[PDB]
Amino acid sequence: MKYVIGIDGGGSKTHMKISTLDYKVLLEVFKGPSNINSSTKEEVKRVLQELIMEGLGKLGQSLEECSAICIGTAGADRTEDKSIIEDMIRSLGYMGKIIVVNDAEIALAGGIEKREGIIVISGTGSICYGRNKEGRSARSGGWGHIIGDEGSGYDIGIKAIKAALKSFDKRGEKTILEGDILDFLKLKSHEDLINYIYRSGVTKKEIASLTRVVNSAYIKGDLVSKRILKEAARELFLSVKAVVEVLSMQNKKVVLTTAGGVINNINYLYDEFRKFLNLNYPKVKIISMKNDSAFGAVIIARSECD
Ligand SMILES: CC(=O)N[C@@H]1[C@@H](O)[C@H](O)[C@@H](CO)O[C@H]1O
């Protein structure tokens, strides 16, 4: 009867779980992206409306019976973005508790099931977020696909295209990415990449998918692809170092986990990142996420209920 909503506005999808107050997940719903930095406000509003309404339709209950809603989404970086997202949910007619956080905060909650720890995201975007034993939080990275997202899938896809073009026009080292990217995208020639990137409405998720090609080429022995993966791991490590030092956790026991289909999928990248952490922070323990981010959002919403 009573339920909560938890929404993960990740870089790959929007993922909503509806749960009872004793954490029995009743249903989940998937829609497209919800980042106001890469879609119009009307586009995002529509996504969240369609997402919530499809779940309520399966649930058979109205929104005003919902005890709390938590949404962690990419693009919720500033207090001003928090209130914009809150407004698109209130516009549905909800007057209960709404908690809007960055997608890294719900990944922390789902991954560690506590408030204290470190989370690195590398999916279509990248970010590090942490909270120390004193309850103080900090973040690094997360500045988006133009002025940030170092070590994200989007960043690896752009760098893969750049390395393939430099291989083609003779400014860089030869790499099998030169032909492999064209095969993957079903393009005849490198000039076709101009239509693909600038003319066709390409999405961040589409560019980030080229991380699959880099991983494949690394397995085939390609040195350029291997160095792209290594440098992304270093960028991700730098974001942890930044948060660890800001929160004065350099020499404290810390639990760290990771989210996103780039850091969690590519063995070499994950290994290099773990190596950097192990070199620098003896007391950081690395674990896998206990639940997913949408269940983290359920934890944050339900924890606000009596
Ligand atoms: C769009 C922006 O400025 N920053 C987002 C950030 O909110 C998010 O935490 C991160 C990982 O999903 O992706 C970045 O692109």
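FYI, the numbering just counts along the sequence from 1. Counting convention: from 1, in listed order, for ligands and their atoms alike.
Close N/O approach between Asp149 and ligand 1 is found [any backbone or side-chain N/O within under 3.5 Å]. Residue contacts with ligand 1: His145 is placed with no nitrogen or oxygen under 3.5 Å of a nitrogen or oxygen of the ligand (distance criterion only). Here's the thing with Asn102: one of its N/O atoms is less than 3.5 angstrom from an N/O atom of ligand 1. For ligand 1, the polar-atom distance check against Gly75 finds a nitrogen or oxygen pair separated by under 3.5 Å.
Salt bridge present: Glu86 and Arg90 bring a charged side-chain N and a carboxylate O closer than 4.0 Å. Between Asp81 and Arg78 there is a salt bridge, with a side-chain nitrogen of the basic residue lying less than 4.0 Å from a carboxylate oxygen of the acidic one. By the 4.0 Å N-to-carboxylate-O rule, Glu173 lies close enough to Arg227 to be salt-bridged with it.
In summary, the atoms of ligand 1 found under 4.0 Å from a heavy atom of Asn37, numbered by their order in the structure, are 1 (C), 2 (C), 3 (O). For ligand 1, the atoms closer than 4.0 angstrom to any heavy atom of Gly125 are 11 (C), 13 (O). Near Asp103, the atoms of ligand 1 lying under 4.0 angstrom from a non-hydrogen atom of the residue are 8 (C), 9 (O), 11 (C), 12 (O). Interface atoms of ligand 1 facing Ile127, defined by a heavy-atom separation under 4.0 Å, are 9 (O), 11 (C). Heavy-atom proximity to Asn35, at under 4.0 Å, picks out these atoms of ligand 1: 1 (C).
Annotation: side chain to side chain donor-acceptor pair (under 3.5 Å) contacts involving residues 137-149, sequence neighbours excluded, comprise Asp77-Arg139.
Ranking protein heavy atoms by distance to atom 5 (C) of ligand 1, first place goes to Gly142 O, 3.4 Å. The closest protein non-hydrogen atom to atom 7 (O) of ligand 1 is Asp77 OD1, 2.8 Å. Among protein heavy atoms, atom 10 (C) of ligand 1 sits closest to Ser126 O, 3.8 Å.
Around the NZ atom of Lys58, the shell of radius 6.0 Å holds more than 12 heavy atoms that belong to other residues, nucleotides or ligands. For NZ of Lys162, the number of neighbouring non-hydrogen atoms (other residues, nucleotides, ligands) closer than 6.0 Å is 12 at most.
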**OP:** For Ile263 and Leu269, run side chain to side chain contact (heavy atoms under 4.5 Å, CB included): C-alpha distance rounded to whole Å, both residues' side-chain angles, the deciding distance at 0.1 Å, then the answer.
**Re:** CA-CA 6 Å; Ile263 176 65; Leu269 199 158; 3.7 Å; yes
**OP:** Take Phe273 and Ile286, measure what side chain to side chain contact (heavy atoms under 4.5 Å, CB included) needs, and give me the verdict at the end.
**Re:** CA-CA 11 Å; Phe273 174 77; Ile286 309 101; 5.5 Å; no
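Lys159 meets the side-chain hydrogen bond (donor to acceptor under 3.5 Å, both in side chains) test with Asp155; sequence neighbours excluded.
Residue contacts with ligand 1, taken as heavy atom pairs separated by less than 4.0 Å, do not involve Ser38 at all.
For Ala104, the heavy-atom gap to ligand 1 stays at 4.0 angstrom or more.
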